[PDB]
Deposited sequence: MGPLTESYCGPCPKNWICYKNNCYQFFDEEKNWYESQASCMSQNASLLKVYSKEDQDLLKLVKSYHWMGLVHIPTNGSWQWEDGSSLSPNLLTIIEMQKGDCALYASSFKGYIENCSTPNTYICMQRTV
């Protein structure tokens, strides 16, 4: 069964109506979030294994919008249970997405590649 996907910027990938782009110019977590925001987007938010199952194929390690206030997303929403396996790597309050549905804890100041995500409406 066919359907349209989006809306999305023409240069971003669309999957199940969410829009994704990969950025290989490395930035710390804050600068990555600011970059996504400048594109009317935010860092990757993981909210559904079913709607975001393409993330199983996303390799390497990329900033996502998950933060620990001493885990929650940039928008202030809570991390849903049964979504991500969180593993320590570098002492820090931020997290890198890795396959499959893993989060590696990382110092927010460490430069990394990142994934921006847009959704209209």
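- Coordinate coverage of the deposited sequence is interrupted at 1-4, 75-78, where no C-alpha atom was modelled.
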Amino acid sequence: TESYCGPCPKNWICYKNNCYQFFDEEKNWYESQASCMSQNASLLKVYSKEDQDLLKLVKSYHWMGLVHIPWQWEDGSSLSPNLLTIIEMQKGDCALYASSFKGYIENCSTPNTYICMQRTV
From here on, numbers count along this sequence of modelled residues.
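- Figure legend: residue 76 is marked as modelled in all of the other comparable entries of the protein, none of which omit it, let alone a third.
- Taking only CA atoms, the mean B-factor in the PDB entry is higher for 88-96 than for the other of 88-96 and 25-33.
- Relative to one another, 112-120 and 1-9 have unequal mean CA B-factors, and 1-9 is the one with the higher figure.
- Highest C-alpha temperature factor among 41, 83, 64, 55, as the PDB entry reports it: 83.
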